[PDB]
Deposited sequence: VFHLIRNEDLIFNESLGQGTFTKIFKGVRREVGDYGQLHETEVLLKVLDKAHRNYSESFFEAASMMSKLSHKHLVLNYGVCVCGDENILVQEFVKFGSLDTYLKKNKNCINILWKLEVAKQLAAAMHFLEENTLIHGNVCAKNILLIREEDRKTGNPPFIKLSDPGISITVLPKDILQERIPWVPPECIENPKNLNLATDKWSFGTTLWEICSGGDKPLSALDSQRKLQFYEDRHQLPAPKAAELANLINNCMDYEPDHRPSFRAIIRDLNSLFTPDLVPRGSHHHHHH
């Protein structure tokens, strides 16, 4: 479901901040059914990024999976082209991780990875490239009910603005999420890209929400890939092996999400 949602049917509320060329607001849609939704308002300055920001969310709308956020449609809401998608109560994971680095143990982290890998495998099967996998773009639907054992639940946000059109300056600032082959030529974006980013994303999860290579600058980030280094194993290096397998400078050596799911399940609960 990807419809041309009208500005008349959208009510904006509180702003959740801004992002990569977007202003984020909580709102409501009127279809009569009123439904809470997330509104990513593409700034008018960067309005030329719409041909990929929304076309990607569109293809993700055609597919169905319990771990893919629902992208409802688009609005030519005035001077801005806006994305209307499902709202997630607890927001991005990268923040939730840092806010609860201690309480979050190994079992909690493992279930999240399984849920993510499931969505990535789904995308791989459907051959849909995300291009922006990261603990930021992972949204927490449900917390862990320890006393009841209820597992957490996550949903993968929309693909976003393609890295095939973003400026090279921000691509280098996005290392180690943007894989090497894409830094070399952005037109190398392929399914293998998300495997690398999955490794970087897994590092975030194991690191209690920390950010890989936050201290380095773009030039030093460029050298890390030049020297073909690898991310360090977090303080809880139970998954360190799988990270490096995904962050493999040879794209064809990065394991399929089918095999990755097996590894994750092999780690027991």
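Residues of the deposited sequence with no modelled C-alpha atom fall in the ranges 32 to 37, 276 to 289.
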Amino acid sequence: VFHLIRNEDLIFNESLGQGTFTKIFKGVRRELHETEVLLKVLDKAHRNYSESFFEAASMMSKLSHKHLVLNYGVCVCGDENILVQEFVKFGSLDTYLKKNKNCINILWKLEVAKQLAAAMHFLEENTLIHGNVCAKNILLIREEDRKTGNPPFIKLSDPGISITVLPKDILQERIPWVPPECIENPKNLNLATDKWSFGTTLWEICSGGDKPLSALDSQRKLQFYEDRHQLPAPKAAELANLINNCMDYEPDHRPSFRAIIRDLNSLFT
From here on, numbers count along this sequence of modelled residues.
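The mean C-alpha temperature factor is higher for 100 to 108 when 100 to 108 and 182 to 190 are set side by side.
The deposited model assigns a higher average Cα B-factor to 34 to 42 than to the other stretch when 197 to 205 and 34 to 42 are compared.
Taking the deposited Cα B-factors for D169, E86, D158, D79, the highest one is held by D79. Comparing the listed residues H229, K66, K62, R29, the entry records the largest Cα B-factor for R29. Ranked within its chain, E125 lands in the middle third, by CA B factor from the PDB record.
Ranked by Cα temperature factor within the chain, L139 sits in the middle third according to the deposited record. Sort the modelled residues of the chain by CA B factor and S50 lands in the highest third. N13: CA B factor lies in the highest third for its chain, per the PDB record. Looking at the C-alpha B-factors along this chain, the one for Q219 belongs to the highest third.
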